[PDB]
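> So that we are looking at the same thing, I have put the structure below in C-alpha cells.
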Amino acid sequence: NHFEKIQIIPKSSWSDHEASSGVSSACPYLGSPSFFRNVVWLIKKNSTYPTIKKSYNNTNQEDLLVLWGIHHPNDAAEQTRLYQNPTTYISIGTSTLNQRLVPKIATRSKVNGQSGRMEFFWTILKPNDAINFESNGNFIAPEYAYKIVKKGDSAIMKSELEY
Amino acid sequence: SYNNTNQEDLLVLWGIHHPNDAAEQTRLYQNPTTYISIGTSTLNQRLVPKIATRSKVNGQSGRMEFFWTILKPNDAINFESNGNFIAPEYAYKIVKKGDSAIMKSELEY
Ligand SMILES: *[C@@H]1O[C@H](CO)[C@@H](O)[C@H](O)[C@H]1NC(C)=O
Ligand SMILES: *[C@@H]1O[C@H](CO)[C@@H](O)[C@H](O)[C@H]1NC(C)=O
C-alpha cells in the first residue's frame with residue numbers, strides 16, 4: 001500500500017562512465033529525447049568502460065524493491081558505438097539472487113522506430129542484506145529504489161473509469 | 001558414465017559450484033572457463049558457472065546449485081566436465097512406490 005522512493009545509487013556517483021547522455025528518442029519528454037526517470041542508461045565515456053563493481057547494503061528496517069535492466073543492441077556496430085567491450089555481461093548477487101545476464105544481439109523489427117530492446121529485472125532486498133552488481137557493458141543501472149513501508153490488503157483493477 | 005542396470009528407476013543427484021571471483025576459480029580449478037554436460041535418454045543439460053560477487057551466507061559467498069533426475073531401467077547417464085563438478089557419490093533406487101504425503105508439522109513421534 002505504500003512505497004517510499006529512495007536514492008540508493010546517485011547519478012552523481014557515476015564518474016568513470018557517462019551518466020547523463022543515456023537518453024532515447026522513443027521516450028520523449030517535452031518533445032526532446034529522454035529516458036526512464038528511476039534508472040540510468042550508462043554508456044561509454046572517452047571510449048573506455050571499466051567494469052562496474054557496485055554494491056548496496058540495505059540498511060533500513062524493511063524490504064526494498066530494486067529494479068535494473070540490460071540493453072540488447074541490434075548489431076555489434078551499435079555495441080562498439082555504445083560500449084567498447086564487444087562481449088559483456090551483468091552479474092547480480094544477493095543472499096538469494098545469482099544472475100549472470102548476457103546481451104542477445106539480433107536483427108529485429110523496429111518498435112517506436114527503435115530496434116534495440118531493454119529487458120528489466122527486479123528483486124526485493126531483505127533488511128540488513130546487500131546487493132552486488134558487476135558488469136562491463138549494457139548496464140541499465142538503478143538510480144532509485146522503493147522501500148516497502150506498509151503492507152496490507154489490496155488489488156489491481158482493470159477499469160476505465162475516472163475518480 | 002553410468003548404466004542403470006537395475007529393474008527400477010534411480011534418483012541421481014549432482015551439482016555445480018559457483019565461486020565468487022576468478023581467483024577462487026584458479027585456486028579451485030585450473031581451467032578458467034568450465035562447464036558440465038549431462039545427458040540421458042531425455043536430459044540434455046549444459047551448465048556454466050556464474051561468477052559473481054554476493055553476500056556471505058554462513059560466511060561463505062560461493063553458491064552450490066544441485067540438480068536431480070530419474071534414470072529409467074536399462075538406461076544410462078553421461079557426465080562430462082572440466083570444472084565445478086559436484087559429482088554424485090551415491091544414488092537412490094526407487095524400490096517401492098505408493099500413496100504418501102509430506103506433512104509440515106512440529107510434533108514428535
Ligand atoms: C550490511 O551492513 C551490516 C552493518 O550494519 C553488516 O553487519 C552486514 O553484514 C552487511 N551486509 C552483508 C551482506 O554483509
Ligand atoms: C546399458 O547396458 C545394456 C546392457 O545390459 C545395453 O543394452 C544398453 O544399451 C546400455 N545403455 C545404453 C544407453 O546404451
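Ligands are numbered from 1 in the order shown, residues from 1 within each chain, and chains are lettered A, B, ... in the order they appear in the C-alpha cells.
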Write down as a compact mmCIF listing (two decimals) with C-alpha atoms, in the first residue's frame the residues of chain B whose backbone DSSP state falls under strand (DSSP E).

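For reference, states-v4.txt as written:
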```
# COMPACT_ATOMS: atom_id res chain seq x y z
CA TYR B 2 26.70 -44.99 -15.54
CA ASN B 3 24.33 -47.58 -16.99
CA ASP B 9 14.31 -46.21 -11.60
CA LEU B 10 17.17 -44.32 -9.97
CA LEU B 11 17.25 -40.85 -8.41
CA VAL B 12 20.58 -39.26 -9.34
CA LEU B 13 21.74 -36.01 -7.74
CA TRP B 14 24.58 -33.78 -8.88
CA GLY B 15 25.54 -30.14 -8.68
CA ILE B 16 27.61 -27.18 -9.80
CA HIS B 17 29.75 -24.83 -7.72
CA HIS B 18 29.73 -21.08 -8.38
CA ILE B 36 29.09 -29.56 -17.04
CA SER B 37 27.38 -31.51 -19.81
CA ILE B 38 24.85 -34.10 -18.66
CA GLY B 39 22.95 -36.41 -20.97
CA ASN B 44 20.31 -32.58 -22.28
CA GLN B 45 21.89 -30.06 -19.95
CA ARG B 46 24.99 -27.90 -20.27
CA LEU B 47 25.68 -25.84 -17.16
CA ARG B 63 26.89 -20.96 -4.08
CA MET B 64 26.23 -24.60 -4.92
CA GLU B 65 23.27 -25.43 -7.14
CA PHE B 66 22.14 -29.05 -7.20
CA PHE B 67 20.15 -30.76 -9.95
CA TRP B 68 18.36 -34.08 -9.98
CA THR B 69 16.98 -36.58 -12.44
CA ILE B 70 15.47 -40.06 -12.55
CA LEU B 71 17.09 -42.71 -14.72
CA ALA B 76 22.36 -44.63 -18.95
CA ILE B 77 23.56 -41.21 -17.79
CA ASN B 78 26.67 -39.45 -19.10
CA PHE B 79 28.51 -36.67 -17.28
CA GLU B 80 31.31 -34.65 -18.83
CA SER B 81 33.03 -31.59 -17.41
CA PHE B 85 31.60 -30.58 -10.77
CA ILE B 86 29.90 -31.66 -7.54
CA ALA B 91 22.06 -42.57 -5.78
CA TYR B 92 18.65 -43.89 -4.74
CA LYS B 93 16.82 -46.87 -6.20
CA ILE B 94 13.06 -46.32 -6.14
```
> Env of residue 51 in chain B: 12 Å cut, atoms = only C-alpha atoms, seq-sep filter 5 positions within chain, self excluded. Answer as a ChimeraX atom specification.
/A:89-93,98-101,132-135 /B:16-25,32-34,61-64,84
> Name the residues in contact with residue 74 in chain B at a cut-off of 8 Å, using only C-alpha atoms, excluding same-chain residues fewer than 2 positions from it; report them as a ChimeraX atom specification.
/B:3-7,72,76
> Could you write out that same residue set with N, CA and C atoms as a PDB file, in the first residue's frame?

```pdb
ATOM      1  N   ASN B   3      25.421 -46.891 -16.324  1.00  0.00           N
ATOM      2  CA  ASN B   3      24.332 -47.584 -16.992  1.00  0.00           C
ATOM      3  C   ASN B   3      23.425 -48.169 -15.920  1.00  0.00           C
ATOM      4  N   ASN B   4      22.186 -47.683 -15.861  1.00  0.00           N
ATOM      5  CA  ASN B   4      21.251 -48.082 -14.815  1.00  0.00           C
ATOM      6  C   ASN B   4      20.790 -49.516 -15.024  1.00  0.00           C
ATOM      7  N   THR B   5      21.443 -50.459 -14.350  1.00  0.00           N
ATOM      8  CA  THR B   5      21.258 -51.873 -14.633  1.00  0.00           C
ATOM      9  C   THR B   5      20.142 -52.524 -13.828  1.00  0.00           C
ATOM     10  N   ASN B   6      19.606 -51.850 -12.819  1.00  0.00           N
ATOM     11  CA  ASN B   6      18.564 -52.452 -12.004  1.00  0.00           C
ATOM     12  C   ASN B   6      17.268 -52.578 -12.803  1.00  0.00           C
ATOM     13  N   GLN B   7      16.245 -53.113 -12.144  1.00  0.00           N
ATOM     14  CA  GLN B   7      14.934 -53.287 -12.749  1.00  0.00           C
ATOM     15  C   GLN B   7      13.990 -52.132 -12.451  1.00  0.00           C
ATOM     16  N   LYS B  72      15.638 -44.168 -15.995  1.00  0.00           N
ATOM     17  CA  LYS B  72      14.745 -45.292 -16.200  1.00  0.00           C
ATOM     18  C   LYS B  72      15.546 -46.592 -16.186  1.00  0.00           C
ATOM     19  N   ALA B  76      21.067 -45.104 -19.407  1.00  0.00           N
ATOM     20  CA  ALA B  76      22.365 -44.633 -18.950  1.00  0.00           C
ATOM     21  C   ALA B  76      22.397 -43.117 -18.832  1.00  0.00           C
TER      22      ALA B  76
END
```
> Give the answer as one residue: which of B:30, B:42, B:58, B:8 has the shortest atom-to-atom distance to chain A, using only C-alpha atoms?
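Closest residue, counting only C-alpha atoms: B:58.
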> Rank nothing, just name the residue among A:25, A:96, A:138, A:38 nearest to chain B, using only C-alpha atoms.
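The answer is A:96, which sits nearest to chain B.
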> As number ranges by chain, please: the residues near residue 117 in chain A (cut-off 12 Å, only C-alpha atoms, same-chain neighbours under 4 positions excluded).
A: 24, 26, 69-75, 103-113, 138, 140
> Okay, now the selection with N, CA, C and O atoms, as a PDB file, in the first residue's frame?

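selection_12.pdb was written with the following content:
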```
ATOM      1  N   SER A  24      16.930   8.502 -25.037  1.00  0.00           N
ATOM      2  CA  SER A  24      16.421   7.862 -26.237  1.00  0.00           C
ATOM      3  C   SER A  24      15.325   8.722 -26.835  1.00  0.00           C
ATOM      4  O   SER A  24      14.638   9.465 -26.128  1.00  0.00           O
ATOM      5  N   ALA A  26      12.711   7.471 -28.135  1.00  0.00           N
ATOM      6  CA  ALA A  26      11.455   6.748 -28.030  1.00  0.00           C
ATOM      7  C   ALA A  26      10.642   7.143 -26.809  1.00  0.00           C
ATOM      8  O   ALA A  26       9.461   6.791 -26.731  1.00  0.00           O
ATOM      9  N   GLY A  69      18.250  -3.383 -15.319  1.00  0.00           N
ATOM     10  CA  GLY A  69      17.961  -3.863 -16.654  1.00  0.00           C
ATOM     11  C   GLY A  69      19.202  -4.208 -17.446  1.00  0.00           C
ATOM     12  O   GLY A  69      20.329  -4.099 -16.964  1.00  0.00           O
ATOM     13  N   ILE A  70      18.966  -4.637 -18.683  1.00  0.00           N
ATOM     14  CA  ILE A  70      20.017  -4.914 -19.651  1.00  0.00           C
ATOM     15  C   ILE A  70      19.546  -4.453 -21.021  1.00  0.00           C
ATOM     16  O   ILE A  70      18.371  -4.588 -21.375  1.00  0.00           O
ATOM     17  N   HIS A  71      20.470  -3.890 -21.791  1.00  0.00           N
ATOM     18  CA  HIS A  71      20.172  -3.348 -23.110  1.00  0.00           C
ATOM     19  C   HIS A  71      20.712  -4.291 -24.175  1.00  0.00           C
ATOM     20  O   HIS A  71      21.894  -4.643 -24.151  1.00  0.00           O
ATOM     21  N   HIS A  72      19.854  -4.692 -25.109  1.00  0.00           N
ATOM     22  CA  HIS A  72      20.243  -5.531 -26.227  1.00  0.00           C
ATOM     23  C   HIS A  72      20.282  -4.669 -27.478  1.00  0.00           C
ATOM     24  O   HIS A  72      19.222  -4.236 -27.959  1.00  0.00           O
ATOM     25  N   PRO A  73      21.455  -4.380 -28.031  1.00  0.00           N
ATOM     26  CA  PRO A  73      21.521  -3.685 -29.316  1.00  0.00           C
ATOM     27  C   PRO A  73      21.036  -4.572 -30.447  1.00  0.00           C
ATOM     28  O   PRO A  73      20.515  -5.668 -30.238  1.00  0.00           O
ATOM     29  N   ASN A  74      21.202  -4.077 -31.668  1.00  0.00           N
ATOM     30  CA  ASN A  74      20.789  -4.851 -32.830  1.00  0.00           C
ATOM     31  C   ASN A  74      21.938  -5.218 -33.762  1.00  0.00           C
ATOM     32  O   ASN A  74      21.709  -5.918 -34.755  1.00  0.00           O
ATOM     33  N   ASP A  75      23.162  -4.789 -33.461  1.00  0.00           N
ATOM     34  CA  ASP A  75      24.337  -5.198 -34.217  1.00  0.00           C
ATOM     35  C   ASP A  75      25.580  -4.772 -33.457  1.00  0.00           C
ATOM     36  O   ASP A  75      25.562  -3.802 -32.697  1.00  0.00           O
ATOM     37  N   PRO A 103      23.948  -9.967 -23.169  1.00  0.00           N
ATOM     38  CA  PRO A 103      23.066  -9.383 -24.181  1.00  0.00           C
ATOM     39  C   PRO A 103      22.913 -10.275 -25.401  1.00  0.00           C
ATOM     40  O   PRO A 103      23.848 -10.948 -25.836  1.00  0.00           O
ATOM     41  N   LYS A 104      21.706 -10.264 -25.958  1.00  0.00           N
ATOM     42  CA  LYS A 104      21.380 -11.002 -27.173  1.00  0.00           C
ATOM     43  C   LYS A 104      21.351 -10.014 -28.327  1.00  0.00           C
ATOM     44  O   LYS A 104      20.397  -9.242 -28.463  1.00  0.00           O
ATOM     45  N   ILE A 105      22.386 -10.036 -29.157  1.00  0.00           N
ATOM     46  CA  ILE A 105      22.449  -9.176 -30.329  1.00  0.00           C
ATOM     47  C   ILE A 105      21.727  -9.886 -31.464  1.00  0.00           C
ATOM     48  O   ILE A 105      22.072 -11.014 -31.820  1.00  0.00           O
ATOM     49  N   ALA A 106      20.720  -9.231 -32.031  1.00  0.00           N
ATOM     50  CA  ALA A 106      19.945  -9.820 -33.113  1.00  0.00           C
ATOM     51  C   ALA A 106      19.338  -8.705 -33.944  1.00  0.00           C
ATOM     52  O   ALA A 106      19.197  -7.572 -33.482  1.00  0.00           O
ATOM     53  N   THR A 107      18.975  -9.040 -35.174  1.00  0.00           N
ATOM     54  CA  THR A 107      18.241  -8.107 -36.013  1.00  0.00           C
ATOM     55  C   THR A 107      16.752  -8.353 -35.826  1.00  0.00           C
ATOM     56  O   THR A 107      16.308  -9.501 -35.801  1.00  0.00           O
ATOM     57  N   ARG A 108      15.984  -7.280 -35.682  1.00  0.00           N
ATOM     58  CA  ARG A 108      14.574  -7.412 -35.363  1.00  0.00           C
ATOM     59  C   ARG A 108      13.822  -6.166 -35.802  1.00  0.00           C
ATOM     60  O   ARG A 108      14.415  -5.149 -36.160  1.00  0.00           O
ATOM     61  N   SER A 109      12.496  -6.267 -35.775  1.00  0.00           N
ATOM     62  CA  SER A 109      11.648  -5.181 -36.242  1.00  0.00           C
ATOM     63  C   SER A 109      11.874  -3.922 -35.421  1.00  0.00           C
ATOM     64  O   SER A 109      12.389  -3.965 -34.303  1.00  0.00           O
ATOM     65  N   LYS A 110      11.478  -2.788 -35.987  1.00  0.00           N
ATOM     66  CA  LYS A 110      11.543  -1.522 -35.273  1.00  0.00           C
ATOM     67  C   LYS A 110      10.224  -1.254 -34.569  1.00  0.00           C
ATOM     68  O   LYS A 110       9.170  -1.195 -35.205  1.00  0.00           O
ATOM     69  N   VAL A 111      10.283  -1.088 -33.255  1.00  0.00           N
ATOM     70  CA  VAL A 111       9.141  -0.666 -32.459  1.00  0.00           C
ATOM     71  C   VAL A 111       9.437   0.734 -31.951  1.00  0.00           C
ATOM     72  O   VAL A 111      10.495   0.970 -31.356  1.00  0.00           O
ATOM     73  N   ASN A 112       8.513   1.662 -32.195  1.00  0.00           N
ATOM     74  CA  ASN A 112       8.754   3.085 -31.968  1.00  0.00           C
ATOM     75  C   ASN A 112      10.030   3.530 -32.674  1.00  0.00           C
ATOM     76  O   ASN A 112      10.786   4.365 -32.176  1.00  0.00           O
ATOM     77  N   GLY A 113      10.274   2.958 -33.852  1.00  0.00           N
ATOM     78  CA  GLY A 113      11.464   3.265 -34.613  1.00  0.00           C
ATOM     79  C   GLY A 113      12.764   2.825 -33.981  1.00  0.00           C
ATOM     80  O   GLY A 113      13.830   3.134 -34.523  1.00  0.00           O
ATOM     81  N   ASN A 138      26.326  -2.806 -21.184  1.00  0.00           N
ATOM     82  CA  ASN A 138      24.882  -2.987 -21.278  1.00  0.00           C
ATOM     83  C   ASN A 138      24.184  -2.927 -19.930  1.00  0.00           C
ATOM     84  O   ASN A 138      23.267  -3.705 -19.678  1.00  0.00           O
ATOM     85  N   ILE A 140      21.788  -1.073 -17.455  1.00  0.00           N
ATOM     86  CA  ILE A 140      20.789  -0.060 -17.145  1.00  0.00           C
ATOM     87  C   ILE A 140      20.711   0.005 -15.626  1.00  0.00           C
ATOM     88  O   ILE A 140      19.874  -0.651 -15.008  1.00  0.00           O
TER      89      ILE A 140
END
```
> Which residues of chain B come within 9 Å of ligand 1, and what is each one's closest atom pair and distance in Å (one decimal), counting only C-alpha atoms and all ligand atoms, sorted by chain and residue number, as a tab-separated table?

```
residue	atom	partner	partner_atom_place_in_ligand_line	distance
B:54	CA	ligand 1	13 (C)	7.5
B:55	CA	ligand 1	13 (C)	4.2
B:56	CA	ligand 1	13 (C)	5.9
B:57	CA	ligand 1	13 (C)	8.0
```
> Using only C-alpha atoms, pick whichever of B:26, B:53, B:41, B:31 has the shortest atom-to-atom distance to chain A.
B:53
> Please list as a list in words every residue within 6 Å of range 76-85 of chain A, counting only C-alpha atoms and excluding residues in the same chain fewer than 2 positions away.
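Once the adjacent positions are removed, what remains is residues 43, 44 and 87 of chain A.
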> Enumerate, as a PyMOL selection string, the complete set of residues in range 12-72 of chain B that a backbone-based DSSP assignment places in helix (DSSP H, G or I).
chain B and resi 22-28
> Take the residues from that selection and put them in a file with N, CA and C atoms, as a compact mmCIF listing (two decimals), in the first residue's frame.

```txt
# COMPACT_ATOMS: atom_id res chain seq x y z
N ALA B 22 37.29 -15.04 -10.10
CA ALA B 22 38.13 -15.92 -10.92
C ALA B 22 39.37 -16.37 -10.16
N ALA B 23 39.77 -15.62 -9.13
CA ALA B 23 40.86 -16.07 -8.28
C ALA B 23 40.51 -17.38 -7.59
N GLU B 24 39.30 -17.46 -7.03
CA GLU B 24 38.85 -18.71 -6.43
C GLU B 24 38.68 -19.80 -7.48
N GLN B 25 38.32 -19.41 -8.70
CA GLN B 25 38.29 -20.38 -9.79
C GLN B 25 39.65 -21.03 -9.96
N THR B 26 40.68 -20.22 -10.20
CA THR B 26 42.02 -20.76 -10.40
C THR B 26 42.48 -21.55 -9.18
N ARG B 27 42.21 -21.05 -7.97
CA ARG B 27 42.61 -21.77 -6.77
C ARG B 27 41.91 -23.11 -6.66
N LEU B 28 40.70 -23.23 -7.22
CA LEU B 28 39.94 -24.46 -7.11
C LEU B 28 39.94 -25.26 -8.41
```
> Counting only C-alpha atoms, which of A:154, A:114, A:12, A:55 gets nearest to chain B?
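Selected residue with least distance to chain B: A:55.
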> List the spatial neighbours of residue 150 in chain A as a list in words - criterion: any atom at most 6 Å away, only C-alpha atoms, same-chain residues fewer than 2 positions off excluded.
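Returned residues: residues 1, 2 and 148 of chain A.
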> Can you tell me, as JSON, numbers by chain, what residues are no more than 6 Å from range 121-129 of chain A when counting only C-alpha atoms, ignoring any on the same chain fewer than 4 positions away?
{"A": [57, 58, 59, 61, 62, 63, 64, 65, 66, 67, 68, 69]}
> Using only C-alpha atoms, pick whichever of A:131, A:102, A:149, A:118 has the shortest atom-to-atom distance to chain B.
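Of the candidates, the smallest distance to chain B is held by A:131.
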